[PDB]
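# build the 3D model from these lines:
(4 chains)
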Amino acid sequence: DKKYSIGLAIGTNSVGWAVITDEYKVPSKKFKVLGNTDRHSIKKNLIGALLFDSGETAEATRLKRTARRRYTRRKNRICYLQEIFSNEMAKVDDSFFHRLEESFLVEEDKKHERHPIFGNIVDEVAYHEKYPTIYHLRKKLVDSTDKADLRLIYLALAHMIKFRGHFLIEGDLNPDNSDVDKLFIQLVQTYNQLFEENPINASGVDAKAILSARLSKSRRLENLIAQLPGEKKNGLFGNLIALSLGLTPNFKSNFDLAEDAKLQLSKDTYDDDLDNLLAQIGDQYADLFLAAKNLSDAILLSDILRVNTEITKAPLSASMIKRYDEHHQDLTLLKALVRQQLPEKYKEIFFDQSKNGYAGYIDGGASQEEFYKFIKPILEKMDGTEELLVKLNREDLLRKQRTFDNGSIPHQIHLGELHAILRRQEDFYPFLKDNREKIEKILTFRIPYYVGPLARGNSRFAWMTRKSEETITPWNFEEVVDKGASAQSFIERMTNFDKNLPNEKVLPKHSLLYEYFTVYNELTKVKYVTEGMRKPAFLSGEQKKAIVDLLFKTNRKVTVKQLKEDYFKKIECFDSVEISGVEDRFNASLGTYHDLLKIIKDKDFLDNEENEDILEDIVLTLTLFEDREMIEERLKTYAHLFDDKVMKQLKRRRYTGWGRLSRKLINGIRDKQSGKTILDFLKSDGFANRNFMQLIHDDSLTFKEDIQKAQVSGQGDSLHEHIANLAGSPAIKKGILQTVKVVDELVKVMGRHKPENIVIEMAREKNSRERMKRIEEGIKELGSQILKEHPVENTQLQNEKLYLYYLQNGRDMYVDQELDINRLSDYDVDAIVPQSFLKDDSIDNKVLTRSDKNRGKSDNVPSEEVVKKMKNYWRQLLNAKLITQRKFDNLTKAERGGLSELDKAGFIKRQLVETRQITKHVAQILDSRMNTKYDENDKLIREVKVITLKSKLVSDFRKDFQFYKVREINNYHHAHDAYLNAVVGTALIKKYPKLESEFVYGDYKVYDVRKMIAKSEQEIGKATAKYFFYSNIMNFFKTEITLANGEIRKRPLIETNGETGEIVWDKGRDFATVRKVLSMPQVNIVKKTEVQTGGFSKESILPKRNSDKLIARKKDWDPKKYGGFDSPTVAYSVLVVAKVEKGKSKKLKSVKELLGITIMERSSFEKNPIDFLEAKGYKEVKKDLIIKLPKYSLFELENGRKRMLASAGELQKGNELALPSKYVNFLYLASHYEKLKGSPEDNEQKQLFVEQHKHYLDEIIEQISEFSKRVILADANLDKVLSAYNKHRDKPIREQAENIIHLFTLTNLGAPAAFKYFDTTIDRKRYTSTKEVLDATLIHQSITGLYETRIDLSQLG
RNA sequence: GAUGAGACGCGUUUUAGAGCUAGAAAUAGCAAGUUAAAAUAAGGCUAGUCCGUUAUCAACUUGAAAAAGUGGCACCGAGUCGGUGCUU
DNA sequence: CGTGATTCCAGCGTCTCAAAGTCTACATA
DNA sequence: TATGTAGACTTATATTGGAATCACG
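Numbers count the residues shown, from 1 in each chain, chains lettered A, B, ... in the order given. Below you will find the coordinate block:
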């Protein structure tokens, strides 16, 4: 069996796979083809790509699920309201509710009278005339005290409940006083009454504007205080204003109180918190705080409710009535003005629904903004519309009762109006008095966020727990739901578990055990040196215990001075001590210990370990919740242990935040031999004092083994669940799953022989304004005038050379001279650290100079000469933030620090390793699926080595050796990327085996940086273990080791391993082999078929029409009378071979056609296909001939023409256009697809090659035409493209190449799309017929497409 | 970063808002114009203040199904694989 | 009168939860 | 009066199929 390797490239839209061998040549095999087709043997290369639709997020599903939940909860609330009214309404009217529930049906299908409210035309007309809107009726029922018909009361209550407004506002503000100025004046009056000796002059203070301004509460407080000279924000009046604004002011200082008078109107405890305050200073100040609360309510009402009428109790219904009156008056005035001045526009404005006039604003789809935009010029053109123009500029011209800006309405206003109606109508209806609080509860009820769906399971989003098994109603939710228990489950489920131990609950941030762990972990590294001691010593167990007892348990924060003096001098009698570790202040602290010591006032209780767990259960309660009532309910279990004062003080104490390590990770697991936990080791570890990092990484302890055994595949019940649990986007996880299945299929393909290596690469998944700001700040800090002489826009800064020029302030970075913009093309861009040490494209890693030769010494950093010349200039640029600290250090690396071997190792590590961890998870999954056997030492046998590569290495490999990629040519680039990843990974691990530790999971481990770095100049790689003095990693591939000086160090034609001596690269035939691989016209492109799901149809209720395409919104709602949905998305088509009656002849004519199965009908079709098809009209269906065709089903026609089944009546182009490599390279070079990076001589050679191969352009177009004539069959589009190409033959080569790059989408795989050749627009050619594929060859393709099943549909039947 | 929940305001739609006069009618002219109720993905069985737009995957065989099983190799070339040898 | 070509058109805004960043003014040494 | 700290305000586009329309030989 020949050894082979598998390379894969992972993306969010594609998975590229490639199989390589010992020659780095893609193999080729014969694959059997099943089916009735004549062909039984085919040939396919082992490199290809798999294309699937990107994974879609679940946010849309979450929104369209919460929407259904809300629209089923509102209906239930309305039903409850009806249930309250059932008996009395039935006494008054027996068919009122049936009318209201059958109002939507037409008169023909109605079982009752067509007039809902009264059942007769006369009373309906009278009601509508008397009450044009529901708001008139609501206001009448609020203010008027006369008995009214029960139907009107029910209608008002229903309209109030069904639209109750938001619940954002906190607290209770049922009183409707909202005039800011009047309540501010009353507060000032009360303050002056209480404080006569110290009055406040509020004259000239615009309280309304200041308090109601759209600004922060603190900002408004400061503004208001600024208008009071002798008053401060922290004063009593300032604290009252802050409380009114929603802050939390402390009245302790104002009244010299011992108790901290913290009062917030949002907190539920305020009712007590105020009274307690009134207990100390008396009840004389109560009226002041009540005036403050009234002012707060007025401020909260602010702009949303702005009507000012004293008589009306309802402050919102009168607002709607005033709006309606303004609308009517403005309509009459505008109608008169239009009839007088512009009679020709009257019909267009008041009758054309298609326009954005009044007709379209009322009956059409025109919104308020569109109507304003359409009518502003007409009002400005006419006379007498000054008030109308003012209203338009104030967004109150011809407004409707319902609008877009009623979302600010707090539910308190609707609650108050409903309360007023109930108070005004309960005097005539006993049941309203009996059920007033029930209706108020219905209106105010709202399922708390921490309770969740009231579903007792039977779902995958419910966590609520029940106290009694009965129906939950808004009136009994407190006693039928275990709210306290359910809140704990909520908090726990949406809080991440310990990363090290997925099954262990994490600890609170302020937990006592967690604080002990943090202190000890840090304490296990402190040392002390004195006169008598020869060497600094680790703090022993007894020493650490004494330090904790004397310092950490007596001071919240322990400073280094405190450690030196209070312990070493007081106990150890040490006069001079040096402390290792942190200096000045210790970051860790036992804040919780001192906090509990202050409350309970029982030090022995805290120091007793027996209470430890209990204390934890307290701290958890202080962290788990924030509601004081729930905290009290939980802490009630420990009420016997502490006094009531202590219990209340604990209730007032609250916390937040979580740690990162679990309790079991601290004191749960124990080492096998020692029998000590992590905390036990931290308290005493002899003279080693190993910390947590050392403890969990020590091979001599079981902690590491236990962590490895626990964390490994904690979700490893299967492959789907393990990938799903991984943290990452849905698209990337779908790509991971497809890559794993591709690996399994490839392993099956090659005779069940595991490949030697698996290389994986995962693709990497405004700014001009930022650049402008940075350049402006740097120039203004530097004081230069370069912007005055050279204006520039933000977009122009996207050019690298111009951006670097402005960053350097028009000065050469290596020479103390100026640079010219118009000469930038003759200048040079040079890397500070050369390519020999680090291949990169970072802006900081680049410098704009007149000539690179001026860099002085080039072997190791720019010479000390340039540093001495312009280190001050570099520092000046650094201070202006024009260059970064890293760039400055690299520029001054000549003598800031000698060229470091550590820096070279860091460069190598940065180039090699992968910063992301998701790639590590993918590698672990692949390794666990491949490596399953163990050796004699019970260690894993790593038959398959999994390598992870970054895209930078492959991109640089592509750029160095003229192997270019153009993503918009075809989809082969994914497969080519996978192949190059495989080649690069295999070659890199064969050249330098020691890199396996960096590139493989587990087993192999690093040793140091000394053995990696070689000696100066060329060294013997084979003899000396030294591998690389220069810090490049891929320069062995190329034929010349370049340098910043331009010096050349040629390499042997054949590169081989130093020790083993095996040939790893033959530059004379391996590059040719790669070229031949990339030139292969046959590549396995298979689109992953995926049955479509989602919306039943487009979500837009279309108006009634005479067409069968409409889909009914309800079973009995005929689309011809009530409209319905349109465009049902087809889940998958079904090929049916049956007969249908031929109309009048009544003959069963044999037919074969594609029937689109919609998502709506999918379940019915799958339940019984025969009955569904017979209902559709087909007779004598061949059940065994039924073929399921999901979306993207592949069909082949004559001359290799391929199509994909996009739907039942539309097709997509199914062929790939394999362009020759030379044309691809010419298009890449000529169009400047990427930046023109490289030596100027190389750029000149590339330009010469482009100019000498201009004819390619024509040839390319010719090829495309032929491909169209072979695959596209779009005569009009092809002719237009040819005419456009012949039209712009005089255009520059770069522009023509760029247009051709975006001209390639004519035959791109997938759905057709319109494109632009220069200014010519070519629309997509759509294949609206699927008849031909009924006689083509259906090709079912595997995930890799190496196995294919070809069925001749024409041969069937 | 990945989820998950509780709320709102809309939007859309049919019917209700006797639209009128002069026309034989078509048509003309005139008046009014904001609101309401209902559904908001077909509905299902588990009858829930639940759930239905994310995740799954080619075909066949075995199977209800979670799933397993089902295809030679080398060689030269290369327009989306063509042929040769070997195995067979 | 099928048939190719042309055109439009698609449901959408807000808040809360729960998170840290950062000032800040009353304790605190 | 120079810090510690507890609190509290602040921050956190196009795609593509369907349907109609529209010419049209």
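# burial measure for the residue of the stretch 51-200 of chain A found nearest DNA strand C, as a count.
Nearest to DNA strand C in the stretch 51-200 of chain A, going by Cβ to the nearest atom of the strand, is residue A:168, at a distance of 5.4 Å. Where C-beta positions appear, they are placed from N, C-alpha and C, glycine not excepted. Close neighbours of residue A:168, defined as other Cβ atoms under 10 Å, add up to 9.
# what of residue A:1102?
Per other Cβ under 10 Å, the neighbour tally for residue A:1102 reads 16.
# isn't it up against residue A:1126?
Yes - the pair residue A:1102 / residue A:1126 is scored as a contact, 5.2 Å apart, by Cβ atoms under 8 Å.
# quick one: secondary structure of the residue of the stretch 51-200 of chain A closest to DNA strand C?
The assignment at residue A:168 comes out as coil when based on DSSP: H, G, I helix; E, B strand; the rest coil.
# how about the contacts made by it?
Residues near residue A:168 by Cβ atoms under 8 Å, 6 or more residues apart in numbering: residue A:410.
# that older thread, overlap in contacts of residue A:1102 and residue A:1126?
residue A:1110.
# what distance separates stretch A:1298-1307 from the centre of its chain?
Relative to its chain's centre, stretch A:1298-1307 lies at 33 Å (Cα atoms, centre = their mean, to the nearest Å).
# cool, and stretch A:272-288?
Between the centre of stretch A:272-288 and the centre of its chain there are 49 Å (Cα atoms, centre = their mean).
# same question for stretch A:804-819.
On the basis of Cα atoms, centre = their mean, stretch A:804-819 sits 41 Å off its chain's mean C-alpha point.
# and the end-to-end length of it?
Chord length of stretch A:804-819, first to last residue, is 11 Å (Cα to Cα, to the nearest Å).
# contacts for it, please.
Stretch A:804-819 has contacts (Cβ under 8 Å, 6+ apart) with A:775, A:778-779, A:782, A:784, A:786, A:790, A:792, A:797, A:821, A:824, A:827, A:829-830, A:843, A:846-852, A:854-856, A:862, A:866, A:869-870, A:873-874, A:877, A:882-883, A:891.
# tally of neighbours for residue A:919?
19.
# now for the helix or strand hosting it, which elements pack on it?
Take DSSP states H and E as the rule and residue A:919 turns out to sit in helix A:918-930. If you count contacts as 3 or more Cβ pairs under 8 Å, 6 or more residues apart in numbering; DSSP states H and E, helix A:918-930 packs onto helix A:719-725, helix A:730-749, strand A:757-762, strand A:945-948.
# quick one, which of the ones you listed gets closest to RNA strand B.
helix A:730-749 (4.2 Å).
# buried set for that closest one?
A:731-743, A:745-747, A:749 (16 or more other Cβ atoms under 10 Å).
# same question, stretch A:956-968
Across stretch A:956-968, burial judged by 16+ other Cβ under 10 Å covers A:956, A:957, A:958, A:963, A:964, A:965, A:966.
# stretch A:27-36 now?
Burial within stretch A:27-36, assessed by neighbour count using 16+ other Cβ under 10 Å, is assigned to A:33, A:35.
# and that stretch, is it in reach of RNA strand B?
Yes - using Cβ under 7 Å from any atom of the strand, we find that stretch A:27-36 touches RNA strand B at A:27, A:28, A:29, A:30, A:31, A:32, A:34.
# separation between the closest residue to the first one other than its chain neighbours and residue A:26?
With Cβ to Cβ, 6 or more residues apart in numbering as the criterion, residue A:27 has its nearest non-adjacent residue at 5.1 Å, and that residue is residue A:46. Counting by Cβ to Cβ, to the nearest Å, the separation of residue A:46 from residue A:26 is 6 Å.
# tell me the domain boundaries of chain A?
Per automatic domain parsing, the domain ranges recorded for chain A read A:62-167+A:411-458, A:180-301, A:317-408, A:459-494, A:498-711, A:767-856+A:861-898, A:1098-1188, A:1213-1335.
# now tabulate those in a markdown table and tack on distance to RNA strand B.
Compiled in a markdown table, the domains of chain A are given as follows (distance: least, Cβ to the nearest atom of the strand, whole Å):
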| stretch | distance to RNA strand B |
| --- | --- |
| domain A:62-167+A:411-458 | 3 |
| domain A:180-301 | 16 |
| domain A:317-408 | 3 |
| domain A:459-494 | 3 |
| domain A:498-711 | 11 |
| domain A:767-856+A:861-898 | 19 |
| domain A:1098-1188 | 3 |
| domain A:1213-1335 | 3 |
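# can I get those in JSON lines with distance to residue A:1032?
Listed next are the domains of chain A as JSON lines, based on distance: least, Cβ to Cβ, whole Å:
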{"stretch": "domain A:62-167+A:411-458", "distance to residue A:1032": "49"}
{"stretch": "domain A:180-301", "distance to residue A:1032": "55"}
{"stretch": "domain A:317-408", "distance to residue A:1032": "60"}
{"stretch": "domain A:459-494", "distance to residue A:1032": "48"}
{"stretch": "domain A:498-711", "distance to residue A:1032": "32"}
{"stretch": "domain A:767-856+A:861-898", "distance to residue A:1032": "5"}
{"stretch": "domain A:1098-1188", "distance to residue A:1032": "53"}
{"stretch": "domain A:1213-1335", "distance to residue A:1032": "17"}
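# out of those, flag the one nearest residue A:173.
Nearest to residue A:173 among the domains of chain A is domain A:180-301; the distance by Cβ to Cβ comes to 3.9 Å.
# what's the span of that closest one, first residue to last?
Using Cα to Cα, the end-to-end distance of domain A:180-301 comes out at 9 Å.
# quick check: which element contains residue A:421?
Using DSSP H and E, residue A:421 falls in helix A:411-425.
# pull out the buried positions in the helix or strand that that helix is followed by.
Later in the chain than helix A:411-425, the nearest helix or strand by DSSP H and E is helix A:430-434. Counting neighbours by 16+ other Cβ under 10 Å, one finds that the buried residues in helix A:430-434 are A:431, A:432.
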